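Below is input-v6.json, which holds JSON, C-alpha atoms.
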[["chain", "number", "residue", "atom", "x", "y", "z"],
["I", 1, "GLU", "CA", -25.86, -38.19, -48.98],
["I", 2, "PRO", "CA", -29.45, -38.89, -47.79],
["I", 3, "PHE", "CA", -29.15, -36.34, -44.93],
["I", 4, "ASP", "CA", -29.08, -38.93, -42.15],
["I", 5, "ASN", "CA", -30.24, -36.63, -39.36],
["I", 6, "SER", "CA", -30.90, -39.65, -37.14],
["I", 7, "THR", "CA", -27.29, -40.45, -36.19],
["I", 8, "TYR", "CA", -24.58, -38.76, -34.13],
["I", 9, "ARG", "CA", -21.12, -38.36, -35.64],
["I", 10, "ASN", "CA", -19.27, -36.32, -32.98],
["I", 11, "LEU", "CA", -17.85, -39.50, -31.47],
["I", 12, "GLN", "CA", -14.23, -38.51, -32.15],
["I", 13, "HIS", "CA", -14.05, -37.10, -28.61],
["I", 14, "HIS", "CA", -14.40, -40.62, -27.18],
["I", 15, "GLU", "CA", -10.89, -41.68, -28.26],
["I", 16, "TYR", "CA", -9.13, -38.78, -26.54],
["I", 17, "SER", "CA", -6.17, -39.03, -24.18],
["I", 18, "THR", "CA", -4.93, -37.20, -21.09],
["I", 19, "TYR", "CA", -2.47, -35.08, -23.11],
["I", 20, "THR", "CA", -4.65, -34.78, -26.23],
["I", 21, "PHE", "CA", -5.34, -31.07, -25.69],
["I", 22, "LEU", "CA", -1.73, -30.16, -24.90],
["I", 23, "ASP", "CA", -0.23, -32.54, -27.47],
["I", 24, "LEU", "CA", -2.47, -31.07, -30.18],
["I", 25, "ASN", "CA", -1.45, -27.62, -28.93],
["I", 26, "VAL", "CA", 2.24, -28.54, -29.28],
["I", 27, "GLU", "CA", 2.50, -29.18, -33.02],
["I", 28, "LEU", "CA", 0.03, -26.34, -33.59],
["I", 29, "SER", "CA", 2.78, -23.95, -32.46],
["I", 30, "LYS", "CA", 4.68, -24.09, -35.76],
["I", 31, "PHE", "CA", 1.61, -22.57, -37.44],
["I", 32, "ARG", "CA", 1.67, -19.67, -34.96],
["I", 33, "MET", "CA", 3.62, -16.44, -35.43],
["I", 34, "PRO", "CA", 6.17, -14.47, -33.36],
["I", 35, "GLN", "CA", 4.56, -13.33, -30.13],
["I", 36, "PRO", "CA", 4.93, -9.63, -29.26],
["I", 37, "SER", "CA", 7.59, -8.64, -26.74],
["I", 38, "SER", "CA", 7.10, -6.12, -23.94],
["I", 39, "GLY", "CA", 10.82, -5.46, -23.50],
["I", 40, "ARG", "CA", 11.89, -6.76, -20.11],
["I", 41, "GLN", "CA", 11.83, -10.55, -19.77],
["I", 42, "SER", "CA", 9.55, -10.25, -16.72],
["I", 43, "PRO", "CA", 7.64, -7.56, -14.80],
["I", 44, "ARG", "CA", 10.08, -8.12, -11.92],
["I", 45, "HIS", "CA", 13.07, -7.70, -14.26],
["T", 1, "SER", "CA", -4.64, 5.96, 9.37],
["T", 2, "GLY", "CA", -6.53, 9.10, 10.45],
["T", 3, "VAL", "CA", -5.15, 12.63, 10.27],
["T", 4, "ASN", "CA", -7.67, 14.40, 12.52],
["T", 5, "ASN", "CA", -5.01, 14.64, 15.27],
["T", 6, "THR", "CA", -2.51, 16.46, 13.00],
["T", 7, "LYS", "CA", -4.39, 19.73, 12.48],
["T", 8, "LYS", "CA", -3.67, 21.72, 15.68],
["T", 9, "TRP", "CA", -0.30, 22.98, 16.87],
["T", 10, "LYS", "CA", 0.78, 21.88, 20.34],
["T", 11, "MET", "CA", 3.13, 23.33, 22.96],
["T", 12, "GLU", "CA", 4.82, 21.05, 25.50],
["T", 13, "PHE", "CA", 7.63, 21.09, 28.07],
["T", 14, "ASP", "CA", 10.78, 19.00, 28.23],
["T", 15, "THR", "CA", 10.57, 15.73, 30.14],
["T", 16, "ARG", "CA", 12.34, 15.71, 33.51],
["T", 17, "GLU", "CA", 13.33, 13.14, 36.13],
["T", 18, "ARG", "CA", 10.76, 10.39, 36.74],
["T", 19, "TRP", "CA", 11.83, 8.08, 39.56],
["T", 20, "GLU", "CA", 10.20, 5.07, 41.20],
["T", 21, "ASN", "CA", 8.32, 5.45, 44.47],
["T", 22, "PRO", "CA", 10.06, 3.28, 47.11],
["T", 23, "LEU", "CA", 6.81, 1.93, 48.59],
["T", 24, "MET", "CA", 4.77, 0.80, 45.58],
["T", 25, "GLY", "CA", 6.79, 1.82, 42.52],
["T", 26, "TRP", "CA", 4.80, 4.74, 41.11],
["T", 27, "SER", "CA", 6.28, 7.17, 38.58],
["T", 28, "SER", "CA", 7.09, 9.92, 41.04],
["T", 29, "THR", "CA", 8.08, 13.27, 39.55],
["T", 30, "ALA", "CA", 8.83, 16.81, 40.70],
["T", 31, "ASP", "CA", 8.11, 18.69, 37.46],
["T", 32, "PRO", "CA", 4.74, 20.49, 37.61],
["T", 33, "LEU", "CA", 4.85, 21.35, 33.89],
["T", 34, "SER", "CA", 5.06, 17.76, 32.66],
["T", 35, "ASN", "CA", 1.46, 16.86, 31.75],
["T", 36, "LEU", "CA", 0.51, 20.37, 30.62],
["T", 37, "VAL", "CA", 0.27, 20.65, 26.82],
["T", 38, "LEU", "CA", -1.42, 23.61, 25.16],
["T", 39, "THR", "CA", -3.19, 23.61, 21.80],
["T", 40, "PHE", "CA", -3.04, 26.40, 19.22],
["T", 41, "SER", "CA", -4.76, 27.02, 15.90],
["T", 42, "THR", "CA", -1.67, 28.48, 14.22],
["T", 43, "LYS", "CA", 2.08, 28.49, 14.74],
["T", 44, "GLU", "CA", 2.23, 32.28, 15.12],
["T", 45, "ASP", "CA", -0.28, 32.23, 17.99],
["T", 46, "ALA", "CA", 1.71, 29.49, 19.73],
["T", 47, "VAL", "CA", 4.97, 31.42, 19.47],
["T", 48, "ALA", "CA", 3.14, 34.56, 20.62],
["T", 49, "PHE", "CA", 2.05, 32.64, 23.72],
["T", 50, "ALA", "CA", 5.59, 31.32, 24.24],
["T", 51, "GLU", "CA", 7.19, 34.78, 24.07],
["T", 52, "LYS", "CA", 4.39, 36.31, 26.13],
["T", 53, "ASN", "CA", 5.09, 33.90, 29.00],
["T", 54, "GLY", "CA", 8.87, 34.10, 28.54],
["T", 55, "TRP", "CA", 9.50, 30.46, 27.60],
["T", 56, "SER", "CA", 12.33, 29.39, 25.32],
["T", 57, "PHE", "CA", 10.99, 27.55, 22.27],
["T", 58, "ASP", "CA", 12.16, 25.62, 19.23],
["T", 59, "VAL", "CA", 9.40, 25.56, 16.61],
["T", 60, "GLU", "CA", 9.28, 22.68, 14.14],
["T", 61, "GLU", "CA", 7.59, 23.29, 10.80],
["T", 62, "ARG", "CA", 4.41, 21.37, 9.99],
["T", 63, "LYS", "CA", 5.16, 18.32, 7.86],
["T", 64, "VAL", "CA", 2.55, 17.67, 5.16],
["T", 65, "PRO", "CA", 2.10, 14.42, 3.19],
["T", 66, "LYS", "CA", 3.36, 15.08, -0.32],
["T", 67, "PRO", "CA", 0.58, 14.66, -2.92],
["T", 68, "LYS", "CA", 1.09, 11.25, -4.51],
["T", 69, "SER", "CA", -0.11, 10.04, -7.94],
["T", 70, "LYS", "CA", -2.35, 6.98, -7.66],
["T", 71, "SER", "CA", -3.63, 5.04, -10.66],
["T", 72, "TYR", "CA", -5.38, 1.67, -10.77],
["T", 73, "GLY", "CA", -4.20, 1.00, -14.32],
["T", 74, "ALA", "CA", -0.53, 0.97, -13.32],
["T", 75, "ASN", "CA", -1.23, -2.22, -11.35],
["T", 76, "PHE", "CA", -1.74, -3.99, -14.71],
["T", 77, "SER", "CA", 0.82, -2.20, -16.87],
["T", 78, "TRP", "CA", 2.23, -3.83, -20.00],
["T", 79, "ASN", "CA", 5.75, -2.36, -20.26],
["T", 80, "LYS", "CA", 6.49, -1.01, -16.77],
["T", 81, "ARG", "CA", 7.57, -2.78, -13.59],
["T", 82, "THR", "CA", 4.58, -1.58, -11.54],
["T", 83, "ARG", "CA", 2.58, -4.59, -12.77],
["T", 84, "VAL", "CA", 1.51, -6.48, -9.65],
["T", 85, "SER", "CA", 2.09, -10.23, -9.36],
["T", 86, "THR", "CA", -0.97, -10.76, -7.15],
["T", 87, "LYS", "CA", -4.32, -9.24, -6.25]]

The structure in this file should be written as structure tokens.
Amino acid sequence: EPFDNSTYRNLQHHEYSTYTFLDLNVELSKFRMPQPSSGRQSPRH
Amino acid sequence: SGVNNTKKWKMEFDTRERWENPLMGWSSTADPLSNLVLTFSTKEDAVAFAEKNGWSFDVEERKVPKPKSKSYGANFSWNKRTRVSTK
């Protein structure tokens, strides 16, 4: 409310884990959409 | 990977007996026309020389590298199998 410019609030990164990035990427997948397909399952296929 | 030696026709003679010298082991031979190879600008001139000197010949046509179709983009294609797996 009083525009407390004097403090830092981006301290949420302190309580992060080893898998935090990948774990937070995991459940984010259900909000994604079907990826495009190039046909063959691999360039070598 | 240089082609500067594939621009002049050459005429050569069939290889003959090449035995070992009993003393030291050299490559003794009795064929004077063994190291003699002529050069010619065109096939027709070479065959003219062969017929002029009365030598039996067997001319082989000049092989030429077929023009290929190079493209850097094909290395990183999206649907085709030319996409490289390494750089």

Interface, chain I side, toward chain T (12 Å; all atoms listed in the file) as an mmCIF file with C-alpha atoms, in the coordinates of the input:
data_model
loop_
_atom_site.group_PDB
_atom_site.id
_atom_site.type_symbol
_atom_site.label_atom_id
_atom_site.label_comp_id
_atom_site.auth_asym_id
_atom_site.auth_seq_id
_atom_site.Cartn_x
_atom_site.Cartn_y
_atom_site.Cartn_z
ATOM 1 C CA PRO I 36 4.930 -9.630 -29.260
ATOM 2 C CA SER I 37 7.590 -8.640 -26.740
ATOM 3 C CA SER I 38 7.100 -6.120 -23.940
ATOM 4 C CA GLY I 39 10.820 -5.460 -23.500
ATOM 5 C CA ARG I 40 11.890 -6.760 -20.110
ATOM 6 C CA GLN I 41 11.830 -10.550 -19.770
ATOM 7 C CA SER I 42 9.550 -10.250 -16.720
ATOM 8 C CA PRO I 43 7.640 -7.560 -14.800
ATOM 9 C CA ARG I 44 10.080 -8.120 -11.920
ATOM 10 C CA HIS I 45 13.070 -7.700 -14.260
#

For the point (-3.1, 24.9, 18.2) in the file's frame, write as JSON, numbers by chain all residues with an atom no more than 9 Å away, counting all atoms listed in the file. {"T": [7, 8, 9, 10, 11, 38, 39, 40, 41, 42, 43, 45, 46]}

What is the CA of residue 35 in chain T to CA of residue 12 in chain T distance in Å?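 Between CA of residue 35 in chain T and CA of residue 12 in chain T the gap works out to 8.2 Å.
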
Tell me, in Å to one decimal, how far CA of residue 47 in chain T is from CA of residue 14 in chain T.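 Spanning CA of residue 47 in chain T to CA of residue 14 in chain T is a straight-line distance of 16.3 Å.
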
When you draw a straight line from CA of residue 48 in chain T to CA of residue 13 in chain T, how long is it in Å?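 CA of residue 48 in chain T sits 16.0 Å away from CA of residue 13 in chain T.
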